[PDB]
Every structure is written in structure tokens, then in C-alpha cells.
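We give C-alpha cells for two forms of one protein chain below, kept apart as structure 1 and structure 2.
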Structure 1
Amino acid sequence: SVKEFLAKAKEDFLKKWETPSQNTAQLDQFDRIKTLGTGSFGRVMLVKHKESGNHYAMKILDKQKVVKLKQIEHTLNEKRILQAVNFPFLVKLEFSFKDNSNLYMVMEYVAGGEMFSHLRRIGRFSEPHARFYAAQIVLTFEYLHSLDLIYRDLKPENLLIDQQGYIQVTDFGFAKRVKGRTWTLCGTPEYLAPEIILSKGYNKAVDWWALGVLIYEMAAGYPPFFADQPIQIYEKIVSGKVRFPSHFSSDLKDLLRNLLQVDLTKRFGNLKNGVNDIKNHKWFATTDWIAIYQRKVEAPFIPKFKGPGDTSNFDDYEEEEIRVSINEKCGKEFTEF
């Protein structure tokens, strides 16, 4: 069942991986409305597709900034992987294309906003609320990992809540197709596994660490390791002593000690039983994994939505003109985009 599912999931993925989609829209097919969010470099805008009238989220990447930050390969990774995957909690890439100055990835617009904003506004999530989101990340990582994909940037800022209150994972910027180990220092400081930090080489178990960080932060309202600067955070991660809010249930604490486990022979996700050590953990005992995949569970929270194009679940951002030069920049570098 899971085996037949993942197997055919894999054949579908490989066909798209081997022959990616290219150039399925162009800039003037869309009206740009408002910025939805921004990252290290580059921004996401709410746009309206002229001919269909549908709204989308358009991620704009300046090729020159990509090159300068040395993210060419990661950007090619991002698009090649996002156009090939298919899972109920992964955001859909609807179009991609490039022009003289920029790379564009047009996704389904997920109007409920970032988990981040809700989390900070509300304070923290009760354990059943946190568990419901966590479950979706567990299933998503089972899917991804099965394709030899590592995700590498789990955090509430890259998690979107859809109109049904379910999660949509976005930002495949550091996603990578790798069998065995890899070495890139990347992710977000609060979420980095200690082996990433220690320059050891690392594998997919870093996504299970990050899940532990996510679950903690969701339930606590603050991360397990915080400080004012990254370097202080790394220190605390490397120590690995973790302390839990007084309100955490015994089950939750036990799960987190097994995810935020500095020892890879003992971290959940990374063992002989694989994801089942997580799915069968006591904290998830009330979770109907089939029902979650099927999206039949009642969400704990359903965002307010006032008609298409509403951005009220998102912060406001400074807008700025998207330039497009008359000279092609970095054409060769991004040919396969």
C-alpha cells in the first residue's frame, strides 16, 4: 500500500526529473499586484493571470543576485525538483519561465498566510493543533525522502496554510536530489542539525532534526535554541542540551528527545524502522495517518478568506520595480531553467 504508492509516486517523479518542464508562461501574461513575502534575496508577488483571471504567487529571482550568492546550482535544483513532485501538502508549481533579468516560478497562491505569522500572533499552538501540522510534515518527508530528496529548510516561514487549514510546503530553494551524503552549509540557523554545523557531511536525517525543532517551536511558541546571533545559536545546538516548557506533555518531550537527538544511530527517522518510529510514537497515537493524507481530518484553524486576491493574512512589504534589461544576463548558467 504505502509501498505500491511510493513506487508509482517514484516513476512519476523520475519522468519529470529526467525531462523537466520549461518556459510555460511569460511575464506579460500576468498583472503583478502586491508583494507577499521576501527571502534572503528575491520576492514573491501575488499576481493575476490575464487570460484565466486566476491568482498566483510569483517568485521572482534576480539572476545576478543568484550568481553573486553562488546559488546557481541550488536554484536549478529548486525548479527542477519543484516541477517534478506531486503531494497534497506540497505547493504546486503552475508555471516557470525566465527573461533577460529574472527567473520566475509561478505557484498556486496559498491565501492563509505563513504558519509563522499565526504562530507569533497566537503565541503557540496547543499540542493537538501542533500535531495536526506535524503529521503533514512527517508524510511529506516520507514522500520526499523516498525520492532521494532532502528538503533542508523546514520552518514556519516556509509553511503556508491553505483555505482548508492544511499545510502547503513552499521554498524548495535548498532541496536536493542526493543518495548518501552532502556538505552544504545551508538552511536557517535555528533549524540546523548539529552535523550540518560541524561540517561533517550529512544526510536526510537533518530533515528529521528540523522537524523536532518545528514541533518544539509550534508547541512552545519559541525555538529550542535561540540567541541574538547565529553563532550563539550554533553553540547551543552543538551542546544539545534542550529544556522543555512546563506545559509540554510527557509524550511530546519523549518524541522531541528522539528527534533532537545529536546521535544519528538514535535519531528517529534515521533508524532501521524509518519513519514508523515517528508515526507509531505515543504522541501521534490519536493521529489517523490515512485520514490526514486524504485531508479528511477537521483542521484546528481555518483562515479568514475574503474573496480571491485577498492578502490580509500576509504582512505588508515595500514594493519595488521589477527591472528587465535589454541584455540577456547569465544566459548560459541558466539554460536548463
Structure 2
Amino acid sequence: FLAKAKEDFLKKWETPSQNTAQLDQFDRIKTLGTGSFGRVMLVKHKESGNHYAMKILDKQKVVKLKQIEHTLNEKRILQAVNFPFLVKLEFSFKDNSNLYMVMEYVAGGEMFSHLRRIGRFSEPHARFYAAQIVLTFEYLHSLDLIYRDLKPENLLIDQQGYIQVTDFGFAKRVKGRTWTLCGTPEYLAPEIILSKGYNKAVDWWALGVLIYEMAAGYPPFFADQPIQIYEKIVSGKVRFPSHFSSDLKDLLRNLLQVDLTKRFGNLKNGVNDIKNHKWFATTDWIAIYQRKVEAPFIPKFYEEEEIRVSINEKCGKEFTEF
């Protein structure tokens, strides 16, 4: 009976929450780091006492870098969704100068830098992470959301060693097909490259690419020039390292299926063809969803400038919906 997850997403999708907090409600502790459009600040919600990561997006910068649609889309998705492996948007508001995304404070690590530092993951460790992505894509797809941007860079490891998807700029809600050429070359599904339309099956392609990259330490398709990567994706084969189990190679043959009508995740049994695959025979799907499996990696956990908000409104039109 999770037609309630759909019903609730749809209320929030149809009437997105706006100005759910304001700046004067947060104590500013310190700057955590710098983003594309401004700082992320550790803040204490004055009422509750909880700490959050407040991302400050300068509207003028977002316009200048032509990231308007992506910013709006990301916020709109994040205020509608609810799933254990999606970063939690706690509050959003705007003022004359900035957009504010008040995120759950997650003192974790980055999948990208953990993968690159370790070199590669064991199949059982790759499988632990992959199962979180499988359940996430099941959720997103049941809401007609195509993520279409999977890659380690988009995944952080929280304090329990579980995944959170951190970026929804590219994700599109759409019932059938869409055409936008977007993503990063190594993770492009062939039906995206061939420019005749694609659907949610491109996420299962990208899962294949991620599992391979986790298990090998490098992705299946790579080259000095993007056109060489596109050639490989479209009409190349894949080469599995000899260390890959036959279970893993069989799963990847069916995820990195160049023909989307035969790709696992896109057939009559849908997500069950992936969940019921041999490689995932040891995965307790319910237990992964409940974060009851012990994770293999637990992350370890002066120059302060004020925020100036203009008295004049900037980019009112561009960010009306926010």
C-alpha cells in the first residue's frame, strides 16, 4: 500500500512548499565549504537546536552560469521526495539576493574520493552500495522521475556508511520518452547518444556502469576524446577484468545491454529481474531499506565573512517558483 508515497509526492509536486523558514531563525556557526553559487554554512535552528547545512545560492551567479532550470528542478524534486537514500531538504526560502537550501547536516564522506583512494571495492561492498541505488531507482521510477545522472560524484556516504544521492539538477519527471542530450560521457546510455529518444531504462544502464566502476576501480567505457567513448558505448563490447565473478559479469551483460528492450530493469518483471539476479542472492532487500545491514566503511567525522542581502530584489522573475 505505497500508493501513499505516490499520493504524497504528487501533493508536494502540485503545490511545492515555499519560504518554509527565514534567515533570522538560524544561528550561523561557521562556513563548511564553497559550492558553485556560494557557501554552505553550519547553522543551528534557533527553536529546535538541530544543526543543518545551509547552501546559499547567489541568484545573480546562478543566472550568469545558466543553472536556473537545474536549481529550480532540483529544489522542486527535493521538497516532494521521501526515501532513505535521498539527501533531506529540511527548509527552503529566498530573499532579495539568495536562494537557501537548508539540508540535513551529513558529516560523511564522498563516494568518488573513497572509491578513488581505495582503488576498487570488493563485490560484496560494491553490492551493498548497488542495492541502495536499486531501491532508490525503484522509488524514483514509481514517481515517473528519470535520475539520468548516476555516478560516484553524485553519491555521499553518511555516518552509518549508507548512500545518499546528493544531486537532482538533471533528473526529469516525464511519463514516456524524453530527448535531452545530458550527463557525463562515461555514464551516457546508448539510446541517449543515438538521439531517437530514451526513458527510465537509462538509469539501469548507468547502474551497470557504476557497479563495474565500483568492482574494477575504472568504468567500462573510457578514452582521450568523448567520440571514442560514444563509439565504445554504442557498438563496442565491454571487457570485464578476469577477477569479476561470473555472477557479476552476467548481471552487467544485462544492465550494459545496448538494446533497451532487453536491458534488465526495463522488462515485464521490471526491478525484480535485478533483485532476483544471482549476484544479489545474499542481499536482504528489506534489511538494506531499513539500514539494518552493517556498512563496510564508516567515514571519520577566522576566515568567516558575513551574509549581505540587498535591499533591492535580484532575479525575481527567474526564481518566482522557488
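Each residue is numbered by where it sits in the sequence of structure 1, with counting from 1. Rigid core (definition): largest C-alpha set, two forms, superposition within 1.5 Å.
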If you line up the core, which of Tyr202, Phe95, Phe132, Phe174 has a CA that moves 2 Å or more between structures 1 and 2?
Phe95
Against the rigid core, is the Cα displacement of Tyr151 between structures 1 and 2 at least 2 Å?
no
With the core lined up, does the C-alpha of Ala219 move 2 Å or more between structures 1 and 2?
no
Following rigid core alignment, is the displacement of the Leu256 C-alpha between structures 1 and 2 equal to or greater than 2 angstroms?
no
Cα displacement of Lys296 between structures 1 and 2, core-superposed (Å)
0.2
Shift in Å of the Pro230 Cα between structures 1 and 2 [rigid core superposition]
1.5
Between structures 1 and 2, how far the Cα of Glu108 shifts once the core is aligned, in Å
2.1
